[PDB]
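One chain comes next, on its own, written as structure tokens: the form deposited in one PDB entry.
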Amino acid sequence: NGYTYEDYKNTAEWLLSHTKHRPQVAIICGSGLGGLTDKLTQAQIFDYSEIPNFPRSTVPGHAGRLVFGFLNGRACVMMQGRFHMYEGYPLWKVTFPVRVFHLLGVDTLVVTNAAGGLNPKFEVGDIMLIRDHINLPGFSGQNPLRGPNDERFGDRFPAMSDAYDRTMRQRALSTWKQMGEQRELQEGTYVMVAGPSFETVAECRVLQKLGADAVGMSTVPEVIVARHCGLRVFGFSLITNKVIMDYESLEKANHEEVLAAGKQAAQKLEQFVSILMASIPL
């Protein structure tokens, strides 16, 4: 891990002394969900490039910014653009922000992402709640906590069986009903793979047998580092596409179909998030 404890501090202090805002909730906007930034009030923006020790984005969208502000009466801080393993970043870079948020005072993390549908009942547009995850990269060694443990942040062997806040999962289901949506809120397991290429048919079959409901290439590292931190954790997935599960098909997965899905569910996603802010205890 190239980051000493001081690096985390220095980044925190720099931000603390560059904004009067003091966030409680950190939000990581997944693919095509960055619109949430609009709903914040008194929004103060900071590009990653200007933030000391921040993994400088390669050439994805060049619009990696930390947007502070208030969302439904809640001191937030949003990441509009995130880092992934498939871009070449070591997991201690992918998750460097989460520890910065902690030192800033945040005590709750909301992670959102786009993912394929493994559960056959799911459908494009659906919003699966994350009850649990399967960290395939972690089994093999790729775990953000790898290396000497910094007791200052947390313990050597933190548990993950209680990763996703039960309360939040329950309160989010409520809010959804108090929205009268046709499609019932979904809930399940999120499996992470590194990507960047898409699953073959055989691969999807594996992921289903494993018991995964949806598949993405992010989130899990951030969640793990968060939990090791003491942060409360809630998150969901926007089922942007159903994974191909038969060879007699004539369909393929593509960034187009995925971004298009994000595009439509755009505002519906924002509403849901904004409202839920009221459920986060103080």
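All residue numbers are counted from 1 along the displayed sequence. Whichever C-alpha set is largest while still superposing within 1.5 Å between the two forms counts as the rigid core.
Separately, the form deposited in another entry exists; it is not shown, and the next lines address it.
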If you fit the rigid core between the shown form and the other one, which of 263, 18, 9, 22 ends up with a C-alpha shift of 2 Å or more? 263
Would you say residue 35 moves its Cα by 2 Å or more between the shown form and the other one, aligning on the core? no
C-alpha of residue 231 off by 2 Å or more between the shown form and the other one on rigid core: no
Answer yes if the Cα of residue 45 shifts by 2 angstroms or more between the shown form and the other one on a rigid-core superposition, and no otherwise. no
Comparing against this form, do residue 262 and residue 217 have their CA atoms pulled together or pushed apart in that other deposited form? The difference is 3 Å or more. farther
Quick read on residue 13 and residue 61 CA atoms in that other deposited form, 3 Å or more from the shown distance, and they're closer
